[PDB]
Amino acid sequence: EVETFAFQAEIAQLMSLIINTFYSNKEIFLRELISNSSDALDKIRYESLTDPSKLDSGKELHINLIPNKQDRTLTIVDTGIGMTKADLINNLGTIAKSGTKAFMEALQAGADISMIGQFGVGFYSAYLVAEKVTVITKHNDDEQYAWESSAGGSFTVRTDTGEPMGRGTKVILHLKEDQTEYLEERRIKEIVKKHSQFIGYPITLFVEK
Ligand SMILES: Cc1cccc(Oc2ccc(N)cn2)c1C
């Protein structure tokens, strides 16, 4: 059972701008997704200071980067607080609406795409390099869900029957055919070292077999 939803008009406009605009500095997608993972891990860490049982679904707080050349996917996994069904349908889009309006006003005033994180909508930079994005997430208070969008104005949500995650978020980037450089180890290492060197969680870059 798969539910299909329309993005709000403003978010569809931002995604289309990100996919169509000529912008060479695409590597900032990884900084934005890692930053999103680090915020999610801060949240579950804080909540567990006053409620240690919130870590029953997983004590480890980390980030894993997994390239897969056979599937042409780059996966960013965190064990953060994860996302509920309401987040995927309502809450994230509500905050992304005003962040998108501020971001697009700044772009006409001279700002550039690399500042997208300053407006809270850094996740959409994944469409600089991905033709489709799948998100598997599990929050302590809800079930495991799969979110997916190839842009074009819509996204889907379904209950995930795959491997149980425990807690956290998995962002699967189905890469465009001409962005496979972000599957190379030496390239991911360079981006992480340059943009995410001080993240206060262990970042493990997996190697391909
Ligand atoms: C994981 C994540 C974080 C922030 C935004 C985001 O996109 C979304 C998600 C849901 C709706 N309604 C609109 N944009 C995603 C997938």
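Residues numbered from 1 in each chain as written, not as in the entry; some residues may be left out. Heavy atoms only, no water.

> What is the right way to read the packing of aromatic side chains from this model?
The description of an aromatic ring pair rests on the distance of the ring centres and on the angle between the ring planes. With the rule as written, the count across this model stands at eight aromatic pairs. Measuring from centroid to centroid gives 5.3 Å for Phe-103 and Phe-119, while their planes differ by 45°, and the two rings are tilted. Taken together, the positions of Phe-103 in helix α3 (residues 85-108) and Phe-119 in the loop between α3 and β4 (130-138) put the pair 16 residues apart, joining distant regions of the chain. Take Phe-103: its relative accessible area is 0%, and that puts it in the buried class. Here the aromatic residues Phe-5, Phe-7, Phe-123, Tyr-124, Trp-147 and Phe-155 are joined through ring pairs into a cluster of three or more. (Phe/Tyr/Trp six-rings, centres within 6.5 Å; stacked < 30°, edge-to-face > 60°. Helix = DSSP H or I, 4+ residues; strand = E, 2+ residues; numbered from the N terminus. Buried < 20%, exposed > 50% of the residue type's maximum accessible area, 1.4 Å probe, protein only.)

> In this structure, what is going on with the nonpolar core? I would like to understand it.
As a rule of thumb, nonpolar side chains are buried together in soluble globular proteins. Core analysis: the biggest nonpolar cluster contains 54 residues, and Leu-30, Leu-65, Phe-123, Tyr-124, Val-133, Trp-147 and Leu-173 have the highest contact counts within it. If one sorts the elements of this core by residue count, helix α2 (residues 28-49) sits on top with eight residues. Residue contacts for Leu-30: discarding those within four places in its chain leaves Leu-65, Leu-74, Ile-76, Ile-188, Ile-191 and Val-192. (Core = buried A, V, L, I, M, F, W, Y, C linked by side-chain atoms within 4.5 Å. Contact = heavy atoms within 4.5 Å.)

> Please clarify how the pairing of strand β2 (residues 63-68) should be interpreted in this entry.
In the case of a regular strand, side chains alternate between the two sheet surfaces. Relative to strand β3 (residues 73-78), β2 is paired through six bridges, and the arrangement is antiparallel. For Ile-63, the partnering residue across the bridge sits in β3 and is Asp-78. Joining the antiparallel neighbours β2 and β3 is a turn of four residues, in which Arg-72 adopts a positive phi near 55°. (Pairing = 2+ DSSP bridges.)

> I tried to follow helix α4 (residues 185-195) on my own but got confused; where do I start?
Every buried residue of α4 is accounted for by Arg-187, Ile-188, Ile-191 and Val-192. Along the axis of α4, the buried residues cluster in a sector spanning 130°; they form a single face. Exposed positions of α4 whose direction lies more than 90 degrees from the buried face are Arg-186, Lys-193 and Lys-194. (Arc of directions from axis to C-beta.)

> Is there a simple way to think about the sheet that holds strand β7 (residues 168-175) in this case?
Pairing in this open sheet of eight strands is mixed, and the strands run β1-β6-β5-β4-β7-β3-β2-β8 from one edge to the other. Strand pairing shows two members of the sheet lacking a second neighbour, β1 (3-6) and β8 (203-205), which therefore form its edges. Averaged over neighbouring strand pairs, the angle between their axes works out to 15° when direction is ignored. Helix-sheet contacts for α4 involve β2, β3 and β8, and the interaxial angle to β8 is about 160°. (Axes fitted to C-alpha atoms, helices over the stretch in contact; angles between N-to-C directions.)

> Mind showing me how you'd approach the environment of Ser-154 here?
Counting through the fold element by element, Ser-154 comes out in strand β6 (residues 154-159). Between the alpha carbons of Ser-154 and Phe-7 there is a distance of 5.5 Å; along the sequence they are 147 residues apart.

> Help me understand the site of the ligand in this model?
Neighbouring residues of the ligand: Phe-7, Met-83, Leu-88, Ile-89, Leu-92, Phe-123, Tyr-124, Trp-147 and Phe-155. A distance of 3.3 Å separates a nitrogen atom of the ligand from a polar atom in the backbone of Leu-88. Here a nitrogen atom of the ligand and a side-chain polar atom of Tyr-124 are 2.7 Å apart. Considered on its own, the ligand offers 390 Å² of accessible surface; in the complex 90% of this is hidden by protein. Among the elements that line the shell around the ligand, the one with the most residues is α3, at three residues. (Near = heavy atom within 4 Å. Polar contact = N/O pair within 3.5 Å; in protein donor to acceptor, adjacent residues only side chain to side chain. Areas by Shrake-Rupley, 256 points an atom, 1.4 Å probe, with all protein chains shown as cover.)

> Teacher, can you tell me more about unusual backbone geometry here?
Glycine aside, negative phi is the norm for most residues, and most peptide bonds take the trans geometry. Positive phi, normally seen in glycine, also occurs at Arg-72, with a value near 55°. Relative accessible area serves as the criterion here: at 33%, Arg-72 is assigned to the partly exposed category. At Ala-151, a residue that is not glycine, the phi angle is positive and equals roughly 55°. Among the structural elements, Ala-151 can be located in the loop between β5 (145-149) and β6. Exposure remark for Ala-151: the relative accessible area of 13% places this residue in the buried category.

> Please explain the layout of surface pockets as it appears in this structure.
Once rolled over the atoms, a probe with the size of a water molecule shows which space is left empty. By volume, the largest pocket amounts to about 950 Å³. Secondary-structure elements contributing two or more residues to the lining of the largest pocket are α2, β3, α3 and β7. (1 Å grid on protein atoms, 1.4 Å probe; cavity = no way out; pocket = protein on both sides within 12 Å on 5 of 7 lines; lining within 4 Å. Points joined across faces, edges and corners; volume = space filled by probe spheres on them.)

By themselves, these observations are geometric and do not establish any function.
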